[PDB]
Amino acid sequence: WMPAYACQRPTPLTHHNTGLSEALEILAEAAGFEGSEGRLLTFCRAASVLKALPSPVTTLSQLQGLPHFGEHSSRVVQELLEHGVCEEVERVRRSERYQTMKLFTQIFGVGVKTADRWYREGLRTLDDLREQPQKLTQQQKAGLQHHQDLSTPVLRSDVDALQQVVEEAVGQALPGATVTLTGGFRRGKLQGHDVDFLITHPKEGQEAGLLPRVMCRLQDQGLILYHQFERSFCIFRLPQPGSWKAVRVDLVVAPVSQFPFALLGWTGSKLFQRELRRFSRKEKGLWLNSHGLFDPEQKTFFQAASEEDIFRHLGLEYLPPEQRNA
């Protein structure tokens, strides 16, 4: 029987039920736009279950016994198997609410709450937002100005170039400091919508104060189109053939003692980390975050030298990043 938590099963990047999972993820997204985090989670988990199957679902009976498939998600699959389309999914796709909330929430600096308020105010398009910039944060003005570039997929070739320039700035800010690619690209994705880096130093404590020094140096190189500590959400100026494009880059610093936990957290997927933390607390009674793993009975933190250590601590079989695509 397939386990109920996504951290208990390998989930590869590409799989055998793409259309089915994409349909359920539409309904998950729509649930989020309406504030129903519980329904979002169920649809997300049901989608991830299908991503973990070893072959295509061809018949409804193949759902029997799969975790997170009840009446609703089963009916969605049933209709896709019978008619190739699910009326509910298509109604969501076409709805003005879904399209506008998707458009607005995809803006850097705009969340569900902001998008929803704007929708209730009658706003529908990006130019509607541009007409009244007085009500925008600096972060939202940056997200809107750069929205077109930020909607273009980042390519792995872009990533290698960004990593070079980040290492140069890190190397000047603190000799010996290291840069690790995380996020979706570490899980094997060939494209993404941003690039994530994790920075540390092998001498505990030397990483303190590092991120301001890195940012100051990137800014002096003329590479920072926007930025706001240990997490920096930037927009980088990435060279292009005879030009350049804006790219979202996340820079994160962790002391080496916490590096395994921060690597694990920032490598994702988002659902995988939520499931891993849920598993940790509910099944093992341990509290997991990107800083460490806490035993609340003994009041002690687990020491980890690797991701492998963390999986072992939790009684889980190790999963490489490429199998964490829940």
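The term rigid core refers to the most C-alpha atoms you can superpose between the two forms while keeping them within 1.5 Å. The numbering used is simple: start at 1 and walk along the sequence shown.
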Self-check item: Higher C-alpha RMS shift from the shown form in 8 other deposited structures of this protein - 137-145 or 210-218, rigid core fit
Solution: 210-218
Quiz item: C-alpha RMS from this form in 8 other deposited structures of this protein, rigid core superposed: larger for 121-129 or 229-237?
Solution: 229-237
Quiz item: What number of deposited residues lacks coordinates in the span between residue 228 and residue 229: none, 1 to 3, 4 to 9, or 10 or more?
Solution: 10 or more
Quiz prompt | Residue range whose averaged C-alpha B-factor is higher in the record, 177-185 or 155-163 | solution = 155-163
Quiz prompt | Given 229-237 and 118-126, the range whose Cα B-factors average higher in the PDB entry | solution = 118-126
Quiz prompt | Selection from 250, 131, 207, 149 [criterion: highest C-alpha temperature factor in the record] | solution = 131
Quiz item: In the PDB entry, which of 48, 280, 298, 289 has its C-alpha at the highest B-factor?
Solution: 298
Exercise. Would you mind checking where the Cα B-factor of residue 41 ranks among the modelled residues of its chain, as the lowest, middle or highest third?
Key: lowest
Quiz item: Comparing residue 202 with the other modelled residues of its chain, is its CA B-factor in the lowest, middle or highest third?
Solution: middle
Quiz item: Which third of the chain holds residue 55 when residues are ordered by C-alpha B factor: lowest, middle or highest?
Solution: middle
Practice problem: Going by the recorded CA B-factors, say which third of the chain residue 211 sits in, lowest, middle or highest. | Solution: middle
Quiz item: C-alpha B factor of residue 269, ranked within the chain: lowest, middle or highest third?
Solution: lowest
